[PDB]
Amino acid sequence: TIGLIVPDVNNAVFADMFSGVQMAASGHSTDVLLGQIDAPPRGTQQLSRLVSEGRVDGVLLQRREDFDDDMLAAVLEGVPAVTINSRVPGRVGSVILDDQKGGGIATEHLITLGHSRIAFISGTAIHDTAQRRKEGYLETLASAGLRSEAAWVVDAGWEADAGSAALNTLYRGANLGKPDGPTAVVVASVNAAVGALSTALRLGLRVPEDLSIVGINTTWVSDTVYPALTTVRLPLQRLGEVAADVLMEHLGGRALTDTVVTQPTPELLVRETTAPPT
């Protein structure tokens, strides 16, 4: 049996990631025990108890956006563990997505539509996955001969409320959607993107006319809402299958590895929130 420890089961990547974990694990007649952890302080305790005590042979951990590298390294000391959608410095055993290429594809799509001033709403400063996606965006702008500004890049979060809050901050401080501000924003995760789209609409901005929006990752929500969010689909199911496999293989005696799921490549899903600027 294996443990899947997650920040919350409402998280955007959870459903596809879980189905992958479950399919691989069941394939080997191994069950998946699900656990959910709060914010630190209680967050770290639950994890120490829930990891130490262990009715599980090993652990798949999706790191919380408020857990620093320190809080994870200490807990994972001496535990067979694979981090998923995150990699902690100074240990081995992780499976991540091709985050830089995801940020790059999102950004590139906006540059091909004619946008020059493009903002980025990231996850937290703590989350290595957010920083990779930010890098992809930064490289892409640079190679295209374009500039970003400190004011156009906000560390927010994965969820709707942080996305909303960050859009508000761009709107009020950066003239996002106004006269000389950025005309498009890339959002590091799709739920934050749904929050951003909503806030742009409540503020009175036309989407896509006044502001284009691309989210990274895709859910039924991003595909359902009106206008439907243009997104970059990442292979979440594969990510869960590979991480489950790396863990189970390590329990059979193999080395833990640190890998990047690179196939399939990220898929641009052009919906209704991206157009050329005005």
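Residue numbers run from 1 along the displayed sequence.
According to the PDB record, 167 to 175 carries the higher mean C-alpha B-factor of the two stretches 102 to 110 and 167 to 175. Averaged over Cα atoms, the B-factor as recorded in the entry is higher for 46 to 54 than for the other of 46 to 54 and 207 to 215.
Of the residues listed, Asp128, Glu159, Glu135, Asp180, the entry assigns the biggest Cα temperature factor to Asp180. Per the PDB entry, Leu201 shows the highest C-alpha temperature factor of the residues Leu201, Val194, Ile84, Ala188. Ranked by C-alpha B-factor against the other modelled residues of its chain, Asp68 falls in the highest third.
Split the chain's modelled residues into thirds by C-alpha temperature factor. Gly78 is in the highest one.
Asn11: CA B factor in the highest third of modelled residues in this chain (values from the PDB entry).
Per-chain ranking of the deposited C-alpha B factor places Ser26 in the middle third. Among all modelled residues in this chain, the alpha-carbon of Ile118 has a temperature factor (C-alpha) in the lowest third.
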